[PDB]
Amino acid sequence: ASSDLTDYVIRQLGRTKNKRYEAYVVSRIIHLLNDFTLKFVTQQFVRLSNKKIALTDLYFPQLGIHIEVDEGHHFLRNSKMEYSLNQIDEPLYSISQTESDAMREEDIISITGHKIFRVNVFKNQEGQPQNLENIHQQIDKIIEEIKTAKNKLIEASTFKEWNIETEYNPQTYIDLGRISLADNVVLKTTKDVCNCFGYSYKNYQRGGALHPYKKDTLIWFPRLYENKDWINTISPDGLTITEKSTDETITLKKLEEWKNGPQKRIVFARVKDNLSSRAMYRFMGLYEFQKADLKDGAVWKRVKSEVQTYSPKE
Amino acid sequence: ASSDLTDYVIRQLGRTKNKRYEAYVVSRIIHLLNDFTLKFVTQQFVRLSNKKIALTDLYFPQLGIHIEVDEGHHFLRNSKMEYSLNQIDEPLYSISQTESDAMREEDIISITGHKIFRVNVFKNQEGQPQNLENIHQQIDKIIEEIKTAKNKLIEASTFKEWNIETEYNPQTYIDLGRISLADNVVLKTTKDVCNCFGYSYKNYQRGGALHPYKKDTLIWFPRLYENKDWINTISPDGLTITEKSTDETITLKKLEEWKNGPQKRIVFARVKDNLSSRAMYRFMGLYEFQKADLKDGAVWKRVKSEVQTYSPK
């Protein structure tokens, strides 16, 4: 059933448009490239250095490449969206902090290290657009950048081609032997990520689970935003996670609890699927416990970008 | 400059999608075609034989070619459409008459001579969509059909390349010597079409104007739908226009005016631009007065698909 791929691709270009020129440019890039061994995502939410949530119009996870259409603040379907200058590698289009806290549950990644190519559609801003030839040129050079990046990856043999069918299947990651941040790993449920490390579980309703083959490490399925029970945060670089609770008493009894162990946590963050609005779990890294305290609560630093996997235990 | 072309194309593929698969197929068709000498329109409103309003996803006016994606009735972002079977050359997707009455002022054309290509995105519905290779195949055969159509037109030299700059300029049609139905002629204002036939005008507020070089003909700018003052209709073929008024009395007093007045009318219908929602005037042809009576009112049949144009006096 290759149809699933079709579905995915379709819906990606079937999103309601944020920008006026977005549809044309994105569609032309995708179609002219016509290489579907490369995974792509449209309207990818990212976190800026200032903690504000922004978005990029086209995103290749394997190549870590973003593409953004540059229009003025004029011609924008979403009020309020924001057009502002940000750190050099970060997108111009951001969300107001008012709607940024409503979108917490969304799948939001870190742009650190990623490159952003921009397409400037206005010859004279505001108003009059540039000619089609120029735009097509920009699109062409961008495509060649993408292709040459892909080649740079395949020659280094670090390039793993995209398959929808096997990517949500734990067995393939067990076969790989490791789960990496570069592999951009998101699994459909807790039982799956549990089964990566040797569990046989049918279903898992709990937030955490102990690593079968390592007692020092704990598989964690946290909400990295604030909710009813907890206040959790993650730095824009993804290096540091802070954990607190709404009740200070519970944090107080969780203080010693944190202090003794397990000191390591493999983190799979609960995020909404960009399509079909369902909960998924993304691997954020392997973290180690740094500090115990009031206010900010527990502090976890990311000691590893990869964790080894295991065959089921019996 | 070319910026107008750019803007047009952008907005054409930037329409809010009616269908879930529309964006992908249409955009891929346009880009893979990559011939921008070919004018195209997305979500073109058309009139069926039964007077219901339908629409096609991609339309090339020069080639008279429509392209429609078949997803069936299940996935529709618009619950304001209806899926039913119609004549072989007519689209599967129609609008309920409730909102069809909201779409009157929109630009709606005649499909009678046009051909429609369909893209089936479901191998067998219900359920699972078809694989990408099949879809790409359909899109390709459609594209090469387009190319070969364009070639049949350029060899017959009936092909006028698309130019945004000159298409709304009366001077080009005056130079042409004729305004034709096949040329798909639409002008931005009444003063322009007036100036096509020899008038010199800063602006024109009137509903109609007498043809300068023929006392026989009247340039008319009717709303071909029903409004406050008048009740007007046009057959799906575009052959017959009926003119009545909400007041039966005014129709009765318009009887003598019609029978005595000029028997020929060059008709430019007032329609909203598919983009930017502004009033535009599309050339409907040359009509001749057939009969006037109470009830049904005046009846005009179309005697010509092209009309001669003239230099100013």
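Residues numbered from 1 in each chain as written, not as in the entry; some residues may be left out. Chains lettered and ligands numbered in written order. Heavy atoms only, no water.

Its PDB record attributes the structure to X-ray crystallography, giving the resolution as 3.460 Å.

The PDB lists this entry under the title "The 5-Hydroxymethylcytosine-Specific Restriction Enzyme AbaSI".

Draft legend 1. Layout of the overall build of chain A. When its secondary structure is counted, chain A shows eight helices and 17 strands. Over its C-alpha atoms chain A spans a radius of gyration of 21 Å, differing by no more than 12% from the 20 Å that the globule rule assigns to 314 residues. Its C-alpha atoms put chain A at 65 × 40 × 30 Å along the principal axes. A separation threshold of at least 6 residues defines the contact pool for chain A, and within that pool the share at least 24 residues apart is 60%. Summed over all atoms, the accessible surface of chain A reaches about 15,500 Å², with 46% contributed by carbon and sulfur. Seen as two clouds, the 46 positive and the 43 negative side-chain charges of chain A have centres 3 Å apart. (Helix = DSSP H or I, 4+ residues; strand = E, 2+ residues; numbered from the N terminus. Rg over C-alpha atoms; globule rule 2.2 N^0.38 Å. Contact = heavy atoms within 4.5 Å. Areas by Shrake-Rupley, 256 points an atom, 1.4 Å probe, with all protein chains shown as cover. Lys, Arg positive; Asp, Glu negative; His and termini not counted. Charge placed at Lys NZ, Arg CZ, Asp CG, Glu CD.)

Draft legend 2. Layout of the environment of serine 311 of chain A. Residue and element names in this part refer to chain A. Within the secondary structure, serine 311 sits in the segment after β17 (306-308). On the accessibility criterion, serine 311 (47% relative accessible area) is partly exposed. Taking the C-alpha atoms as reference, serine 311 lies 31 Å from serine 276; in sequence the two are 35 residues apart. (Buried < 20%, exposed > 50% of the residue type's maximum accessible area, 1.4 Å probe, protein only.)

Draft legend 3. Looking closely at the domain arrangement of chain A. Residue and element names in this part refer to chain A. Looking at the assigned domains, one finds that chain A contains domain 1 (1-161) and domain 2 (162-314). The gap between the C-alpha centroids of domain 1 and domain 2 is 28 Å. Taken together, the contact between domain 1 and domain 2 spans 25 residues of the former and 18 residues of the latter. For the domain 1 and domain 2 pair, buried surface summed over both sides reaches about 2,100 Å², with 55% attributable to carbon and sulfur atoms. Of all residues in domain 1, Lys39, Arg104 and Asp107 bury the most surface against domain 2, accounting for 25% of the area lost on that side. (Domains from an automatic or database assignment. Buried area = accessible area lost by both parts, 1.4 Å probe.)

Draft legend 4. Highlighting the nonpolar core. Core analysis: the largest hydrophobic core is formed by 84 residues, its most contacted members being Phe60 and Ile146 of chain A together with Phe60, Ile67 and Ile146 of chain B. Contact partners of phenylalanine 60 of chain A, with chain neighbours within four places excluded, come to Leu33, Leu38, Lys39, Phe40, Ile65, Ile67 and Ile146 of chain A. Ranked by size, the runner-up nonpolar core spans 20 residues in total, among them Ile179, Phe197, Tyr199 and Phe221 of chain B. (Core = buried A, V, L, I, M, F, W, Y, C linked by side-chain atoms within 4.5 Å.)

Draft legend 5. Inspection of empty space enclosed by the protein at higher detail. For the structure on display, the rule yields three cavities of 30 Å³ or more. Size it by volume and the largest cavity reaches roughly 250 Å³. Looking at the largest cavity, it is lined by 22 residues, and the ones nearest its centre are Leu13 and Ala23 of chain A together with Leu13, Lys17 and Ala23 of chain B. Elements represented by at least two residues in the lining of the largest cavity include exactly α1 (3-13), α2 (22-33) and β1 (41-47) of chain A together with α2 (22-33) and β1 (41-47) of chain B. (1 Å grid on protein atoms, 1.4 Å probe; cavity = no way out; pocket = protein on both sides within 12 Å on 5 of 7 lines; lining within 4 Å. Points joined across faces, edges and corners; volume = space filled by probe spheres on them.)

Draft legend 6. Just helix α1 (residues 3-12) of chain B, in detail. When you tally the buried positions in α1 of chain B, you get seven out of 10 residues, the bulk of the element. For α1 of chain B, the set of buried residues is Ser3, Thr6, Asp7, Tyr8, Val9, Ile10 and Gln12 of chain B. On its buried side, α1 of chain B packs onto α2 and α4 (132-155) of chain A together with β1 and α5 (164-167) of chain B.

Draft legend 7. Focus on the domain arrangement of chain B. Residue and element names in this part refer to chain B. Along its sequence, chain B is organised into domain 1 (1-161) and domain 2 (162-313). On the domain 2 side, the residues contacting the 26 residues of domain 1 number 20 residues. Summing the contributions of domain 1 and of domain 2, the shared interface buries around 2,200 Å²; its carbon and sulfur component is 53%. Looking at the side of domain 1 facing domain 2, the largest losses of area belong to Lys39, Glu105 and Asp107, adding up to 26% of the total buried there. Summed over the shared surface of domain 1 and domain 2, the number is four salt bridges. Measuring nitrogen to oxygen at the nearest pair gives 3.4 Å for the salt bridge that ties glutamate 167 to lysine 39. Applying the counting criterion to the domain 1 and domain 2 interface returns nine residue pairs in polar contact. Going through the elements one at a time, α1 and β1 are the ones with two or more residues in the side of domain 1 that touches domain 2. Broken down by element, the residue count for the side of domain 1 that touches domain 2 peaks at five residues, all from α1. In terms of residue class, the side of domain 1 that touches domain 2 is built from nine nonpolar, six polar and 11 charged. (Salt bridge = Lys/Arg side-chain N within 4 Å of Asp/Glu carboxyl O. Polar contact = N/O pair within 3.5 Å; in protein donor to acceptor, adjacent residues only side chain to side chain. Nonpolar A, V, L, I, M, F, W, Y, C, P; charged D, E, K, R; others polar.)

Draft legend 8. Quick peek at unusual backbone geometry. The amide bond that connects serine 79 of chain A to the next residue, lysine 80 of chain A, takes the cis arrangement and shows omega of -5°. Of note, the amide linkage connecting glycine 261 of chain A to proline 262 of chain A takes the cis form, showing an omega dihedral of -10°. By secondary structure assignment, the location of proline 262 of chain A is in the loop between α8 (248-260) and β14 (264-272). Positive phi, normally seen in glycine, also occurs at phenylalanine 75 of chain A, with a value near 55°. Structurally, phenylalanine 75 of chain A can be placed in the loop between β3 (65-70) and β4 (81-83). On the accessibility criterion, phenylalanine 75 of chain A (23% relative accessible area) is partly exposed. Positive phi is not limited to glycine here, since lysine 295 of chain B has a value of about 60°.

Draft legend 9. Structural view of the packing of aromatic side chains. All names here are of chain A. Tallied over the full model, the rule gives 25 aromatic pairs over all chains. Where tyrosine 201 meets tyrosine 204, the ring centres are 5.0 Å apart and the plane angle is 15°; that geometry is what we call stacked. Residue classification places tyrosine 201 among the partly exposed residues on the basis of a relative accessible area of 33%. Ring centres of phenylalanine 289 and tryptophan 300 lie 5.3 Å apart, and the angle between their planes is 70°; this geometry places the pair in the edge-to-face category. Here the residue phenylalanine 289 occupies a position in strand β15 (residues 279-291), and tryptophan 300 occupies one in strand β16 (residues 298-304), the gap between them amounting to 11 residues. Grouping aromatic residues by their ring pairs yields a cluster made of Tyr8, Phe40 and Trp162. (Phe/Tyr/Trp six-rings, centres within 6.5 Å; stacked < 30°, edge-to-face > 60°.)

Draft legend 10. How the structure looks around the side chain of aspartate 35 of chain B. Residue and element names in this part refer to chain B. Structurally, the position occupied by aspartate 35 is in the loop between α2 and β1. Side chain to side chain, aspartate 35 and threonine 37 meet in a polar contact 2.4 Å long. A polar atom in the side chain of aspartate 35 sits 2.4 Å from the side chain of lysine 150.

Draft legend 11. Representation of the pairing of β15 of chain A. Residues and elements named next belong to chain A. As paired strands, strand β9 (residues 186-187) and β15 are joined by two bridges and run antiparallel to one another. Its bridge partner lying in β15, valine 186 is registered against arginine 282. In the sheet, β14 pairs with β15 via nine bridges, with the strands oriented antiparallel. Across the sheet, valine 267 pairs through a bridge with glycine 285, a residue of β15. Two successive antiparallel strands, β14 and β15, enclose a turn made up of six residues, where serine 276 displays a positive phi of approximately 65°. Hairpin remark: β15 followed by β16, antiparallel, with six residues in the connecting loop; positive phi at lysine 295, about 55°. (Pairing = 2+ DSSP bridges.)

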